[PDB]
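**Student:** Here you go, this is query.tsv (TSV, C-alpha atoms and all ligand atoms).
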chain	number	residue	atom	x	y	z
K	2	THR	CA	-41.32	30.38	65.17
K	3	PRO	CA	-39.78	32.62	67.89
K	4	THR	CA	-40.72	36.27	67.58
K	5	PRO	CA	-37.68	38.41	66.69
K	6	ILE	CA	-36.93	40.80	69.54
K	7	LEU	CA	-34.39	43.40	70.66
K	8	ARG	CA	-34.36	43.92	74.44
K	9	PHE	CA	-32.62	46.49	76.62
K	10	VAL	CA	-32.70	48.09	80.06
K	11	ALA	CA	-32.72	51.89	80.36
K	12	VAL	CA	-31.47	53.00	83.79
K	13	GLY	CA	-30.64	56.58	84.74
K	14	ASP	CA	-29.06	58.56	87.55
K	15	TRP	CA	-27.43	55.48	89.07
K	16	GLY	CA	-24.02	56.99	89.85
K	17	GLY	CA	-23.51	56.15	93.54
K	18	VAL	CA	-21.82	58.62	95.93
K	19	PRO	CA	-18.21	59.94	96.21
K	20	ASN	CA	-18.00	58.85	99.86
K	21	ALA	CA	-17.37	55.26	100.95
K	22	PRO	CA	-18.93	52.84	100.15
K	23	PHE	CA	-19.38	54.74	96.83
K	24	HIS	CA	-22.90	53.35	96.31
K	25	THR	CA	-26.31	53.68	97.89
K	26	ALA	CA	-28.75	50.94	98.89
K	27	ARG	CA	-30.80	52.07	95.86
K	28	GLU	CA	-27.97	51.56	93.36
K	29	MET	CA	-27.32	48.15	94.90
K	30	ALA	CA	-31.01	47.19	94.78
K	31	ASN	CA	-31.28	48.27	91.15
K	32	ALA	CA	-28.09	46.42	90.16
K	33	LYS	CA	-29.66	43.27	91.63
K	34	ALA	CA	-33.08	43.90	90.07
K	35	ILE	CA	-31.37	44.51	86.71
K	36	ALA	CA	-29.45	41.23	87.09
K	37	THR	CA	-32.66	39.33	87.80
K	38	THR	CA	-34.34	40.89	84.75
K	39	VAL	CA	-31.44	40.12	82.38
K	40	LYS	CA	-31.12	36.61	83.83
K	41	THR	CA	-34.83	35.77	83.47
K	42	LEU	CA	-35.97	37.88	80.47
K	43	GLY	CA	-32.70	38.76	78.70
K	44	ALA	CA	-31.00	41.98	77.62
K	45	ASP	CA	-29.00	42.75	74.49
K	46	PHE	CA	-27.60	45.90	76.13
K	47	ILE	CA	-28.11	48.46	78.86
K	48	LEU	CA	-28.64	52.18	78.25
K	49	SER	CA	-27.38	54.68	80.81
K	50	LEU	CA	-29.38	57.91	80.85
K	51	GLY	CA	-26.65	59.98	82.57
K	52	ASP	CA	-25.44	61.13	85.97
K	53	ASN	CA	-23.03	58.20	85.93
K	54	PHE	CA	-20.96	59.32	88.95
K	55	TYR	CA	-22.26	61.61	91.71
K	56	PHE	CA	-21.66	64.30	92.51
K	57	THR	CA	-18.78	65.62	90.36
K	58	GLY	CA	-18.08	62.73	87.95
K	59	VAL	CA	-14.57	61.36	87.52
K	60	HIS	CA	-11.19	63.09	87.39
K	61	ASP	CA	-9.60	60.94	84.68
K	62	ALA	CA	-9.88	57.56	82.97
K	63	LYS	CA	-8.01	55.86	85.86
K	64	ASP	CA	-10.42	57.26	88.51
K	65	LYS	CA	-11.14	54.61	91.11
K	66	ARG	CA	-14.84	55.49	90.97
K	67	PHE	CA	-15.12	53.48	87.74
K	68	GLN	CA	-14.48	50.34	89.81
K	69	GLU	CA	-16.18	51.41	93.05
K	70	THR	CA	-19.41	52.87	91.67
K	71	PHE	CA	-19.80	51.01	88.36
K	72	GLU	CA	-17.87	47.76	87.80
K	73	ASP	CA	-18.01	46.27	91.30
K	74	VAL	CA	-21.64	47.30	91.78
K	75	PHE	CA	-22.95	45.76	88.54
K	76	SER	CA	-21.06	42.52	89.11
K	77	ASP	CA	-23.64	39.72	89.17
K	78	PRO	CA	-22.42	37.03	86.71
K	79	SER	CA	-25.57	37.42	84.61
K	80	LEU	CA	-24.44	41.00	83.77
K	81	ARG	CA	-20.83	40.10	82.95
K	82	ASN	CA	-20.87	40.59	79.18
K	83	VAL	CA	-23.86	42.90	78.70
K	84	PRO	CA	-22.65	46.01	76.81
K	85	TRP	CA	-23.56	49.39	78.25
K	86	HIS	CA	-24.16	52.37	75.97
K	87	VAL	CA	-23.59	55.57	77.88
K	88	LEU	CA	-24.34	59.29	77.80
K	89	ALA	CA	-23.48	62.05	80.29
K	90	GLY	CA	-25.47	64.14	82.75
K	91	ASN	CA	-24.92	67.39	84.63
K	92	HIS	CA	-22.87	65.82	87.44
K	93	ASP	CA	-20.69	64.05	84.88
K	94	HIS	CA	-19.86	67.47	83.39
K	95	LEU	CA	-18.97	68.95	86.77
K	96	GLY	CA	-16.09	66.50	86.30
K	97	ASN	CA	-14.15	65.11	83.34
K	98	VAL	CA	-16.43	63.69	80.65
K	99	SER	CA	-13.59	62.88	78.21
K	100	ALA	CA	-12.40	60.51	80.96
K	101	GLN	CA	-15.70	58.64	80.68
K	102	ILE	CA	-15.35	58.51	76.89
K	103	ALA	CA	-11.76	57.32	77.31
K	104	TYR	CA	-12.85	54.57	79.72
K	105	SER	CA	-14.51	52.97	76.64
K	106	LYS	CA	-11.10	51.57	75.74
K	107	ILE	CA	-10.34	50.36	79.29
K	108	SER	CA	-13.50	48.27	79.94
K	109	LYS	CA	-15.06	45.99	77.34
K	110	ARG	CA	-18.71	46.49	78.25
K	111	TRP	CA	-18.46	50.31	78.53
K	112	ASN	CA	-19.34	51.97	75.22
K	113	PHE	CA	-19.21	55.79	75.06
K	114	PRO	CA	-17.32	56.93	71.94
K	115	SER	CA	-18.23	60.64	71.99
K	116	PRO	CA	-20.60	63.00	73.86
K	117	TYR	CA	-23.27	62.34	71.24
K	118	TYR	CA	-23.49	59.60	68.64
K	119	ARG	CA	-25.80	57.28	66.73
K	120	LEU	CA	-26.43	53.60	67.46
K	121	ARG	CA	-27.88	51.25	64.85
K	122	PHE	CA	-29.41	47.82	65.48
K	123	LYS	CA	-31.09	45.18	63.37
K	124	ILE	CA	-33.51	42.86	65.15
K	125	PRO	CA	-32.12	39.34	64.62
K	126	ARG	CA	-33.80	37.23	61.93
K	127	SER	CA	-35.84	40.17	60.70
K	128	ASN	CA	-35.51	43.16	58.41
K	129	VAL	CA	-36.66	45.49	61.22
K	130	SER	CA	-34.09	48.14	62.20
K	131	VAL	CA	-33.78	50.36	65.29
K	132	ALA	CA	-31.94	53.68	65.56
K	133	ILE	CA	-30.93	55.28	68.85
K	134	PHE	CA	-29.44	58.78	69.01
K	135	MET	CA	-27.59	59.42	72.25
K	136	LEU	CA	-27.57	63.16	73.02
K	137	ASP	CA	-25.46	65.26	75.39
K	138	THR	CA	-28.12	67.61	76.76
K	139	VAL	CA	-25.51	69.37	78.94
K	140	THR	CA	-23.52	70.80	76.05
K	141	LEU	CA	-26.73	71.35	74.07
K	142	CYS	CA	-28.43	73.33	76.85
K	143	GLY	CA	-25.93	74.05	79.62
K	144	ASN	CA	-25.08	72.39	82.92
K	145	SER	CA	-27.97	72.73	85.38
K	146	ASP	CA	-25.44	72.66	88.25
K	147	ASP	CA	-23.99	75.90	86.83
K	148	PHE	CA	-27.14	77.80	87.90
K	149	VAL	CA	-28.77	78.34	91.29
K	150	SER	CA	-32.17	77.54	89.75
K	151	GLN	CA	-30.71	74.20	88.53
K	152	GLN	CA	-32.50	74.74	85.22
K	153	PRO	CA	-29.93	74.98	82.35
K	154	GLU	CA	-30.29	78.60	81.29
K	155	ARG	CA	-27.88	78.55	78.29
K	156	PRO	CA	-24.95	76.47	76.97
K	157	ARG	CA	-21.39	77.34	77.88
K	158	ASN	CA	-20.26	77.03	74.23
K	159	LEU	CA	-22.44	78.38	71.42
K	160	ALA	CA	-20.58	76.56	68.64
K	161	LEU	CA	-20.94	73.20	70.37
K	162	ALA	CA	-24.65	73.59	71.10
K	163	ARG	CA	-25.29	74.72	67.54
K	164	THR	CA	-23.17	71.89	66.10
K	165	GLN	CA	-24.96	69.16	68.04
K	166	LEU	CA	-28.40	70.60	67.21
K	167	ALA	CA	-27.48	70.67	63.50
K	168	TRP	CA	-26.29	67.08	63.88
K	169	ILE	CA	-29.61	65.97	65.37
K	170	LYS	CA	-31.67	67.75	62.73
K	171	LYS	CA	-29.62	66.11	59.97
K	172	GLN	CA	-29.63	62.60	61.41
K	173	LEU	CA	-33.34	62.67	62.16
K	174	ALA	CA	-34.25	63.87	58.67
K	175	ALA	CA	-32.34	60.95	57.08
K	176	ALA	CA	-33.12	58.20	59.60
K	177	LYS	CA	-35.08	55.51	57.76
K	178	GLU	CA	-35.15	52.91	60.56
K	179	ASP	CA	-38.28	51.11	61.71
K	180	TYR	CA	-38.09	52.49	65.27
K	181	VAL	CA	-36.24	55.74	66.04
K	182	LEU	CA	-35.33	56.57	69.64
K	183	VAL	CA	-33.65	59.69	71.05
K	184	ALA	CA	-32.00	59.70	74.49
K	185	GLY	CA	-30.53	62.37	76.73
K	186	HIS	CA	-30.08	63.16	80.38
K	187	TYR	CA	-32.51	66.12	80.65
K	188	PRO	CA	-36.29	65.64	80.28
K	189	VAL	CA	-38.44	67.15	77.58
K	190	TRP	CA	-41.54	66.70	79.73
K	191	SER	CA	-41.45	65.90	83.44
K	192	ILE	CA	-43.87	66.60	86.30
K	193	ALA	CA	-41.24	66.37	89.04
K	194	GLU	CA	-38.71	68.57	90.87
K	195	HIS	CA	-36.75	69.71	87.79
K	196	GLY	CA	-39.71	69.71	85.38
K	197	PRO	CA	-39.59	70.31	81.63
K	198	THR	CA	-36.30	71.50	80.15
K	199	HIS	CA	-37.14	74.69	78.24
K	200	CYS	CA	-34.11	74.29	75.97
K	201	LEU	CA	-35.29	70.83	74.79
K	202	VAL	CA	-38.97	71.78	74.50
K	203	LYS	CA	-38.03	74.72	72.25
K	204	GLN	CA	-35.22	73.14	70.21
K	205	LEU	CA	-35.50	69.33	70.39
K	206	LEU	CA	-39.26	68.60	70.62
K	207	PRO	CA	-40.06	70.15	67.17
K	208	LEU	CA	-37.54	67.85	65.54
K	209	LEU	CA	-38.95	64.84	67.40
K	210	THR	CA	-42.39	65.80	66.07
K	211	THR	CA	-41.40	66.60	62.46
K	212	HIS	CA	-39.48	63.35	61.94
K	213	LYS	CA	-41.89	61.04	63.83
K	214	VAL	CA	-39.52	59.85	66.55
K	215	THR	CA	-40.79	56.79	68.46
K	216	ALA	CA	-39.81	57.92	71.97
K	217	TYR	CA	-37.49	60.21	73.91
K	218	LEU	CA	-35.74	58.49	76.82
K	219	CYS	CA	-34.31	60.49	79.70
K	220	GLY	CA	-33.43	60.62	83.39
K	221	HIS	CA	-32.51	63.70	85.50
K	222	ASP	CA	-35.71	63.69	87.58
K	223	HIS	CA	-35.22	60.98	90.19
K	224	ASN	CA	-38.28	58.79	89.64
K	225	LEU	CA	-40.26	56.95	86.93
K	226	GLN	CA	-42.71	58.52	84.46
K	227	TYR	CA	-44.43	57.63	81.20
K	228	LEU	CA	-45.74	60.56	79.17
K	229	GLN	CA	-47.29	60.72	75.71
K	230	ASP	CA	-48.47	63.64	73.60
K	231	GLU	CA	-51.43	64.01	71.27
K	232	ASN	CA	-49.25	62.83	68.36
K	233	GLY	CA	-48.36	59.53	69.97
K	234	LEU	CA	-44.76	60.48	70.76
K	235	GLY	CA	-43.71	58.68	73.94
K	236	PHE	CA	-41.58	60.02	76.78
K	237	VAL	CA	-39.77	57.38	78.86
K	238	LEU	CA	-38.28	58.97	82.00
K	239	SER	CA	-36.07	56.54	83.98
K	240	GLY	CA	-33.98	58.34	86.58
K	241	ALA	CA	-34.34	56.14	89.66
K	242	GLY	CA	-31.10	54.11	89.83
K	243	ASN	CA	-29.83	55.90	92.96
K	244	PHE	CA	-32.49	58.29	94.36
K	245	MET	CA	-36.27	58.42	94.56
K	246	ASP	CA	-37.96	61.79	94.72
K	247	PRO	CA	-41.76	62.10	95.01
K	248	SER	CA	-41.91	65.77	94.00
K	249	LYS	CA	-44.77	66.72	91.69
K	250	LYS	CA	-43.70	70.37	91.60
K	251	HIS	CA	-44.04	70.69	87.82
K	252	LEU	CA	-47.30	68.73	87.33
K	253	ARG	CA	-49.09	71.69	85.70
K	254	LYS	CA	-46.09	72.73	83.62
K	255	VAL	CA	-46.62	69.58	81.51
K	256	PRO	CA	-49.53	69.85	79.03
K	257	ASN	CA	-52.79	68.36	80.33
K	258	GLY	CA	-53.12	64.62	79.68
K	259	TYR	CA	-49.47	63.95	78.84
K	260	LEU	CA	-48.67	62.13	82.08
K	261	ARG	CA	-49.70	58.51	81.68
K	262	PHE	CA	-47.89	56.94	84.65
K	263	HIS	CA	-45.80	58.25	87.52
K	264	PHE	CA	-44.12	56.55	90.46
K	265	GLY	CA	-41.95	58.39	92.95
K	266	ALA	CA	-42.65	56.93	96.40
K	267	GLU	CA	-39.96	58.29	98.71
K	268	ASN	CA	-39.61	54.90	100.42
K	269	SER	CA	-39.22	52.96	97.17
K	270	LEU	CA	-35.78	51.70	96.29
K	271	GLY	CA	-36.03	53.14	92.78
K	272	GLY	CA	-36.46	51.38	89.46
K	273	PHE	CA	-35.68	51.31	85.76
K	274	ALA	CA	-37.34	50.67	82.39
K	275	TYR	CA	-37.35	47.56	80.21
K	276	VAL	CA	-37.78	48.05	76.45
K	277	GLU	CA	-38.71	45.15	74.13
K	278	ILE	CA	-38.81	45.78	70.36
K	279	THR	CA	-40.37	43.31	67.92
K	280	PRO	CA	-41.58	43.75	64.32
K	281	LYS	CA	-45.03	44.16	65.88
K	282	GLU	CA	-44.47	46.95	68.43
K	283	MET	CA	-42.12	48.43	71.01
K	284	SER	CA	-43.02	47.80	74.64
K	285	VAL	CA	-41.84	49.66	77.72
K	286	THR	CA	-42.18	48.03	81.14
K	287	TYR	CA	-41.39	49.98	84.31
K	288	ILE	CA	-39.85	47.69	86.95
K	289	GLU	CA	-39.34	48.66	90.58
K	290	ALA	CA	-36.07	47.72	92.27
K	291	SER	CA	-38.28	45.52	94.45
K	292	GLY	CA	-38.64	43.52	91.21
K	293	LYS	CA	-42.29	44.58	90.95
K	294	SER	CA	-43.70	45.53	87.54
K	295	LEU	CA	-45.48	48.88	87.73
K	296	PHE	CA	-46.53	49.86	84.24
K	297	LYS	CA	-46.44	48.65	80.65
K	298	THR	CA	-47.36	50.48	77.44
K	299	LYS	CA	-46.66	50.05	73.74
K	300	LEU	CA	-45.38	52.27	70.92
K	301	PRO	CA	-45.98	51.55	67.24
K	302	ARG	CA	-43.57	50.84	64.42
K	303	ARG	CA	-42.71	54.00	62.47
K	304	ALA	CA	-43.28	54.67	58.73
S	401	LIG	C1	-9.69	64.30	81.48
S	401	LIG	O1	-9.51	62.93	81.37
S	401	LIG	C2	-8.68	62.52	80.29
S	401	LIG	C3	-8.78	61.01	80.25
S	401	LIG	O2	-8.13	60.45	81.39
S	401	LIG	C4	-7.27	63.05	80.55
S	401	LIG	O3	-6.33	62.60	79.57
S	401	LIG	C5	-5.63	61.45	80.21
S	401	LIG	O4	-4.99	61.95	81.39
S	401	LIG	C6	-4.53	60.86	82.17
S	401	LIG	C7	-4.36	61.35	83.59
S	401	LIG	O5	-4.68	60.33	84.52
S	401	LIG	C8	-3.26	60.38	81.52
S	401	LIG	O6	-2.65	59.38	82.33
S	401	LIG	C9	-3.62	59.80	80.16
S	401	LIG	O7	-2.42	59.56	79.42
S	401	LIG	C10	-4.57	60.69	79.31
S	401	LIG	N1	-5.28	59.86	78.35
S	401	LIG	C11	-4.70	58.98	77.53
S	401	LIG	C12	-5.63	58.18	76.66
S	401	LIG	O8	-3.48	58.84	77.45
S	401	LIG	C13	-7.31	64.57	80.68
S	401	LIG	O9	-6.05	65.08	81.10
S	401	LIG	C14	-8.34	64.98	81.73
S	401	LIG	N2	-8.50	66.43	81.74
S	401	LIG	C15	-8.54	67.16	82.86
S	401	LIG	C16	-8.39	66.40	84.16
S	401	LIG	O10	-8.68	68.38	82.83
S	402	FE	FE	-29.39	62.84	88.76
S	403	FE	FE	-29.25	65.21	86.61
S	404	NA	NA	-15.70	49.34	75.43
Take the structure I supplied and represent it as structure tokens, if you would.

**Tutor:**
Amino acid sequence: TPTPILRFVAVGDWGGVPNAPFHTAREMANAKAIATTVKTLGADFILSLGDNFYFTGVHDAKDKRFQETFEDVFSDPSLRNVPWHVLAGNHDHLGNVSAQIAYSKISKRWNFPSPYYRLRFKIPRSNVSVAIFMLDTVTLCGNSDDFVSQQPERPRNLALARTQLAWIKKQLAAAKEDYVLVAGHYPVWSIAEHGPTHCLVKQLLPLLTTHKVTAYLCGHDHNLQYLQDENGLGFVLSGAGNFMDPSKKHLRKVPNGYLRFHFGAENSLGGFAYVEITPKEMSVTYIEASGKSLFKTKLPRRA
């Protein structure tokens, strides 16, 4: 009988441009590649890994950019009723992030109830559950655009950062699901221009290790990377919806052997990741906007 499966696309840093035509050729190519993937292989939902609207987000919930950069761009019929689950990046927080949360009630497929939140999924016709914790790494660690270094040196509100961290610790300690995923804009590990996010390495990584998280999904660096540590924890970096950056500036800031796949060709149109979860395993497939498949690897069921 048909294998039970939950499928989703994880695209990051897709948020167009504030000048006409409010998209890039890369966003357009990825919206069409995503449509082909959902049409042929299927998607239960799409996960945005932040930087939803370059370069200063939206002003309010009626901002025209919602139509120009998001709705009209991802408009192939095959994407019509695919829910999106959203989190925010640094450029979103240069603007009005409550506007993006409030847009949840304007557009059906846009789901973004709060800066951070938990998603729960059962795989159909199985007892296998999936948990996804959507983080706001900007309020946890600070806006990278607030610093010349562009590395978030500290959060702007101590109570918020502490509150969200206590929330993560609690949720992760009690999460009994078969696969547990954590997502946020900033990378834990990354070999590229931004590199590892010290705040997440020091505060988030230990929790991911203690509670046996399946994978951490992120964007922020504008390319595609798979990383994996000695404990089997996977790092899915998908930040190539709009830009492609071949930098390897931080290659030796990531522990030796972590990097398992990297693609950042400056002339590529970008890409995204395709996650398939069965009772057997979780698979991640990196797909170039050219429709090409670049890399596939598997992560085991937890506890
Ligand atoms: C941030 O955005 C929120 C969401 O739009 C703003 O609150 C709304 O402001 C709009 C202005 O276009 C009003 O028309 C709405 O009535 C408000 N929301 C609702 C649900 O009624 C908020 O003012 C913005 N904060 C800023 C710009 O500092
Ligand atoms: Fe970005
Ligand atoms: Fe970013
Ligand atoms: Na909605």

**Student:** Rank K:131, K:182, K:167, K:225 by their smallest atom-to-atom distance to residue K:248, using all atoms listed in the file, and report the top residue only.

**Tutor:**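 Residue with the minimum atom-to-atom distance to residue K:248: K:225.
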
**Student:** Pick the closest to ligand FE 402 (chain S) from K:4, K:145, K:68, K:257: which is it, counting all atoms listed in the file?

**Tutor:**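 Distance minimum relative to ligand FE 402 (chain S) lands on K:145.
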
**Student:** Could you tell me which of K:90, K:265, K:153, K:185 comes closest to residue K:249 if we count only C-alpha atoms?

**Tutor:**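 Using only C-alpha atoms, the shortest distance to residue K:249 belongs to K:265.
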
**Student:** Mind giving me the axis-aligned box for ligand LIG 401 (chain S) with 5 Å on every side, centre plus edges in Å to one decimal, as AutoDock Vina command-line options?

**Tutor:**
--center_x -6.1 --center_y 63.3 --center_z 80.6 --size_x 17.3 --size_y 20.2 --size_z 17.9

**Student:** Counting all atoms listed in the file, which residues in stretch 201-286 of chain K sit no more than 12 Å from stretch 39-42 of chain K? For each one, give the nearest pair of atoms and the distance in Å, sorted by chain then residue number, as a tab-separated table.

**Tutor:**
residue	atom	partner	partner_atom	distance
K:275	CA	K:39	CA	9.7
K:276	CA	K:42	CA	11.1
K:277	CA	K:42	CA	10.0
K:286	CA	K:42	CA	11.9

**Student:** Compile the contact shell of residue K:285 as a ChimeraX atom specification: residues with an atom at most 9 Å away, counting all atoms listed in the file, same-chain residues fewer than 3 positions apart removed.

**Tutor:** /K:237,274-278,296-300

**Student:** Could you check which of K:24, K:199, K:219, K:190 is closest to residue K:87, using only C-alpha atoms?

**Tutor:**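 Going through K:24, K:199, K:219, K:190 one by one, the smallest distance to residue K:87 is for K:219.
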
**Student:** Could you please extract the residues within 10 Å of ligand LIG 401 (chain S), counting all atoms listed in the file, and hand them back as a list in words?

**Tutor:**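 Protein and nucleic-acid residues within 10 Å of ligand LIG 401 (chain S): residues 59, 60, 61, 62, 63, 64, 96, 97, 98, 99, 100, 101, 102, 103, 104, 106 and 107 of chain K.
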
**Student:** My list of candidates is K:109, K:27, K:212, K:223. Which is closest to ligand FE 403 (chain S) when distances are computed with all atoms listed in the file?

**Tutor:** K:223

**Student:** Choose the residue, out of K:294, K:38, K:215, K:279, that has the smallest atom-to-atom separation from residue K:230; count only C-alpha atoms.

**Tutor:** K:215

**Student:** Can you pull out every residue with an atom within 9 Å of ligand FE 403 (chain S)? Use all atoms listed in the file and format it as number ranges by chain.

**Tutor:** K: 13-14, 51-52, 90-93, 145-146, 186-187, 195, 220-223, 240

**Student:** The selected residues should be written to file as a short mmCIF file (atom, residue, chain, number, x, y, z; two decimals), in the frame of the given file (atoms: C-alpha atoms).

**Tutor:**
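What follows is the written file again.cif:
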data_model
loop_
_atom_site.label_atom_id
_atom_site.label_comp_id
_atom_site.auth_asym_id
_atom_site.auth_seq_id
_atom_site.Cartn_x
_atom_site.Cartn_y
_atom_site.Cartn_z
CA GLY K 13 -30.64 56.58 84.74
CA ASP K 14 -29.06 58.56 87.55
CA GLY K 51 -26.65 59.98 82.57
CA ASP K 52 -25.44 61.13 85.97
CA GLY K 90 -25.47 64.14 82.75
CA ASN K 91 -24.92 67.39 84.63
CA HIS K 92 -22.87 65.82 87.44
CA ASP K 93 -20.69 64.05 84.88
CA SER K 145 -27.97 72.73 85.38
CA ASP K 146 -25.44 72.66 88.25
CA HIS K 186 -30.08 63.16 80.38
CA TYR K 187 -32.51 66.12 80.65
CA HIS K 195 -36.75 69.71 87.79
CA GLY K 220 -33.43 60.62 83.39
CA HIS K 221 -32.51 63.70 85.50
CA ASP K 222 -35.71 63.69 87.58
CA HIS K 223 -35.22 60.98 90.19
CA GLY K 240 -33.98 58.34 86.58
#

**Student:** Can I get the residues close to ligand NA 404 (chain S) as a PyMOL selection string, where close means within 6 Å and we count all atoms listed in the file?

**Tutor:** chain K and resi 105-106+108-112

**Student:** Can you pull out every residue within 6 Å of residue K:12, counting only C-alpha atoms, but drop anything in the same chain fewer than 3 positions away, and send it as a list in words?

**Tutor:**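 Here the qualifying residues turn out to be residues 49, 239 and 273 of chain K.
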
**Student:** Create the file for the chosen residues now, containing C-alpha atoms and written as an mmCIF file, in the frame of the given file.

**Tutor:**
data_model
loop_
_atom_site.group_PDB
_atom_site.id
_atom_site.type_symbol
_atom_site.label_atom_id
_atom_site.label_comp_id
_atom_site.auth_asym_id
_atom_site.auth_seq_id
_atom_site.Cartn_x
_atom_site.Cartn_y
_atom_site.Cartn_z
ATOM 1 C CA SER K 49 -27.380 54.680 80.810
ATOM 2 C CA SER K 239 -36.070 56.540 83.980
ATOM 3 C CA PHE K 273 -35.680 51.310 85.760
#

**Student:** At what distance in Å, to one decimal, does atom CA of residue K:95 lie from atom CA of residue K:157?

**Tutor:** 12.5 Å

**Student:** Quick one: pull the distance between atom CA of residue K:158 and atom CA of residue K:140, Å, one decimal.

**Tutor:**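 Interatomic distance here is 7.3 Å.
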
**Student:** Set the distance at 9 Å and use only C-alpha atoms: which residues neighbour residue K:183 once local chain neighbours fewer than 3 positions away are removed? I'd like the list as a list in words.

**Tutor:**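 Counting only C-alpha atoms, the residues come to residues 132, 133, 134, 135, 136, 209, 214, 215, 216, 217, 218 and 219 of chain K.
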
**Student:** What is the distance, in Å and to one decimal place, between atom CA of residue K:284 and atom CA of residue K:9?

**Tutor:**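 Computing the Euclidean distance for atom CA of residue K:284 and atom CA of residue K:9 yields 10.7 Å.
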
**Student:** Residues within 9 Å of residue K:71, please, as a VMD selection string. Count all atoms listed in the file; anything in the same chain fewer than 6 positions from it doesn't count.

**Tutor:** chain K and resid 15 to 17 24 53 to 54

**Student:** Neighbouring residues of residue K:301 were defined as those with any atom within 9 Å, considering all atoms listed in the file; residues of the same chain fewer than 6 positions away were excluded. Please report them as an mmCIF file with C-alpha atoms, keeping the file's coordinate frame.

**Tutor:**
data_model
loop_
_atom_site.group_PDB
_atom_site.id
_atom_site.type_symbol
_atom_site.label_atom_id
_atom_site.label_comp_id
_atom_site.auth_asym_id
_atom_site.auth_seq_id
_atom_site.Cartn_x
_atom_site.Cartn_y
_atom_site.Cartn_z
ATOM 1 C CA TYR K 180 -38.090 52.490 65.270
ATOM 2 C CA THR K 215 -40.790 56.790 68.460
ATOM 3 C CA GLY K 233 -48.360 59.530 69.970
ATOM 4 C CA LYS K 281 -45.030 44.160 65.880
ATOM 5 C CA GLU K 282 -44.470 46.950 68.430
ATOM 6 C CA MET K 283 -42.120 48.430 71.010
ATOM 7 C CA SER K 284 -43.020 47.800 74.640
#

**Student:** Since the input lacks atoms, please generate N, CA, C and O atoms for stretch 18-28 of chain K and provide them as a PDB file, in the coordinates of the input.

**Tutor:**
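Heads up, here's the output in selection.pdb:
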ATOM      1  N   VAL K  18     -22.221  57.512  95.063  1.00  0.00           N
ATOM      2  CA  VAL K  18     -21.820  58.620  95.930  1.00  0.00           C
ATOM      3  C   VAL K  18     -20.294  58.689  95.952  1.00  0.00           C
ATOM      4  O   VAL K  18     -19.633  57.644  95.836  1.00  0.00           O
ATOM      5  N   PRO K  19     -19.683  59.869  96.136  1.00  0.00           N
ATOM      6  CA  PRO K  19     -18.210  59.940  96.210  1.00  0.00           C
ATOM      7  C   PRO K  19     -17.635  59.548  97.561  1.00  0.00           C
ATOM      8  O   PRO K  19     -16.406  59.461  97.693  1.00  0.00           O
ATOM      9  N   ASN K  20     -18.467  59.337  98.574  1.00  0.00           N
ATOM     10  CA  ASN K  20     -18.000  58.850  99.860  1.00  0.00           C
ATOM     11  C   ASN K  20     -18.195  57.339  99.951  1.00  0.00           C
ATOM     12  O   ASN K  20     -19.115  56.784  99.348  1.00  0.00           O
ATOM     13  N   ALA K  21     -17.267  56.678 100.653  1.00  0.00           N
ATOM     14  CA  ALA K  21     -17.370  55.260 100.950  1.00  0.00           C
ATOM     15  C   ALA K  21     -18.768  54.974 101.485  1.00  0.00           C
ATOM     16  O   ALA K  21     -19.293  55.749 102.290  1.00  0.00           O
ATOM     17  N   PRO K  22     -19.413  53.892 101.045  1.00  0.00           N
ATOM     18  CA  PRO K  22     -18.930  52.840 100.150  1.00  0.00           C
ATOM     19  C   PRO K  22     -19.111  53.086  98.644  1.00  0.00           C
ATOM     20  O   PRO K  22     -19.085  52.136  97.872  1.00  0.00           O
ATOM     21  N   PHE K  23     -19.309  54.334  98.230  1.00  0.00           N
ATOM     22  CA  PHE K  23     -19.380  54.740  96.830  1.00  0.00           C
ATOM     23  C   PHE K  23     -20.600  54.171  96.104  1.00  0.00           C
ATOM     24  O   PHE K  23     -20.676  54.236  94.865  1.00  0.00           O
ATOM     25  N   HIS K  24     -21.578  53.655  96.841  1.00  0.00           N
ATOM     26  CA  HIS K  24     -22.900  53.350  96.310  1.00  0.00           C
ATOM     27  C   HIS K  24     -23.932  53.683  97.365  1.00  0.00           C
ATOM     28  O   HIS K  24     -23.609  54.001  98.516  1.00  0.00           O
ATOM     29  N   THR K  25     -25.190  53.635  96.962  1.00  0.00           N
ATOM     30  CA  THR K  25     -26.310  53.680  97.890  1.00  0.00           C
ATOM     31  C   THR K  25     -27.034  52.336  97.870  1.00  0.00           C
ATOM     32  O   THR K  25     -26.839  51.508  96.974  1.00  0.00           O
ATOM     33  N   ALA K  26     -27.895  52.134  98.873  1.00  0.00           N
ATOM     34  CA  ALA K  26     -28.750  50.940  98.890  1.00  0.00           C
ATOM     35  C   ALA K  26     -29.651  50.878  97.655  1.00  0.00           C
ATOM     36  O   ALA K  26     -30.075  49.785  97.249  1.00  0.00           O
ATOM     37  N   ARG K  27     -29.965  52.034  97.061  1.00  0.00           N
ATOM     38  CA  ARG K  27     -30.800  52.070  95.860  1.00  0.00           C
ATOM     39  C   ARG K  27     -30.024  51.580  94.640  1.00  0.00           C
ATOM     40  O   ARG K  27     -30.536  50.763  93.861  1.00  0.00           O
ATOM     41  N   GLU K  28     -28.802  52.080  94.442  1.00  0.00           N
ATOM     42  CA  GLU K  28     -27.970  51.560  93.360  1.00  0.00           C
ATOM     43  C   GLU K  28     -27.794  50.054  93.482  1.00  0.00           C
ATOM     44  O   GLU K  28     -27.911  49.319  92.498  1.00  0.00           O
TER      45      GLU K  28
END
